[PDB]
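Undergrad: output the structure for:
(one chain, ligands or ions: 1)
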Amino acid sequence: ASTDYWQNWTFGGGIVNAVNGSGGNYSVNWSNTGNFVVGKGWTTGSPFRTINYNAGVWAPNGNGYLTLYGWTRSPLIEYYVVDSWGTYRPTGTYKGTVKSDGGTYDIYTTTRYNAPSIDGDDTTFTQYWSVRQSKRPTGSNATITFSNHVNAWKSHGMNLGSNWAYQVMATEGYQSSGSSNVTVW
Ligand SMILES: O[C@@H]1[C@@H](O)[C@H](O[C@@H]2CO[C@@H](O)[C@H](O)[C@H]2O)OC[C@H]1O
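TA: Residues are numbered from 1 along each chain as shown. You can find the structure just below:
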């Protein structure tokens, strides 16, 4: 299936020109932001979905992530498959590695408190991360075979929730500027 969901969340200030383009295409131009996550994907995430994308422009000026991004409820988990970033590579509590789609990724968990989520402004949730050990090349058609991450997460006691919220290929930014252009299918 092609994309049916548009993510466009900002907080904290600055500028985020998010453009919801044709098909699975979007762009972002941002400067001096607080936090933001923009992306296209699906209203209902699946553990079996293969996300295809092509980041034609990946041009963070500071801290941005090019990442699969999504939530489950039951319990509330935010997850990531970070394929690229800018000046800051995200980490947390090291759990292992997983190989998928031509890349080796480190696995991390982090627990968030008093934090915004799909449940509201002041919530607790766990984050699951797969973060590529080095930056993925962009401009080429890419696959994230998410099931590989789900299985590797489960092998380190990191179980997703059973009610799926959205699942998108995102540009995230924290206190940064930059540009992206990404197509998702
Ligand atoms: O859908 C929105 C979420 O994207 C948002 O979650 C925040 C996104 O930035 C991430 O870096 C943060 O960890 C997370 O708090 O919460 C609000 C919700 O509407």
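Undergrad: got the contact list for the closest residue to the ligand within the chain?
TA: Per C-beta to the nearest ligand atom, residue 116 is where the chain lies closest to the ligand, at 3.9 Å. Quick note: C-beta positions are derived from backbone N, CA and C, even for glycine. The contact partners of residue 116, by C-beta atoms under 8 Å, 6 or more residues apart in numbering, come to 11, 122-123.
Undergrad: just residue 13 next, same as before
TA: The contact partners of residue 13, by C-beta under 8 Å, 6+ apart, come to 32-34.
Undergrad: please check the contacts of residue 116 and keep the buried ones.
TA: Neighbour-count burial (16 or more other C-beta atoms under 10 Å) is assigned to none of the contacts of residue 116.
Undergrad: take those residues and keep only those in helices.
TA: Using DSSP state H, the subset of the contacts of residue 116 located in helices is empty.
Undergrad: redo the residues you listed as a markdown table? Include distance to the ligand.
TA: Shown next, in a markdown table, are those (distance: C-beta to the nearest ligand atom, whole Å):
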| residue | distance to the ligand |
| --- | --- |
| 11 | 8 |
| 122 | 11 |
| 123 | 8 |
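Undergrad: follow-up on the earlier one: which of the residues in the host helix or strand of the residue of the chain closest to the ligand are buried?
TA: Using DSSP states H and E, residue 116 sits in strand 103-117. Buried residues in strand 103-117, defined by neighbour count with 16+ other C-beta under 10 Å: 103, 105-109, 117.
Undergrad: how far away from the center of its chain is it?
TA: In terms of C-alpha atoms, centre = their mean, to the nearest Å, the centre of strand 103-117 is set 11 Å apart from its chain centre.
Undergrad: rewinding a little: which ChimeraX command selects the buried ones in the contacts of residue 13?
TA: Paste this into ChimeraX to select the buried members of the contacts of residue 13, with burial taken from 16+ other C-beta under 10 Å:
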select :33
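Undergrad: could I get the contacts of residue 13 as CSV with distance to residue 99 and secondary structure?
TA: Converted to CSV, the contacts of residue 13 look like this (distance: C-beta to C-beta, whole Å; DSSP: H, G, I helix; E, B strand; the rest coil):
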residue, distance to residue 99, secondary structure
32, 37, coil
33, 33, coil
34, 34, coil
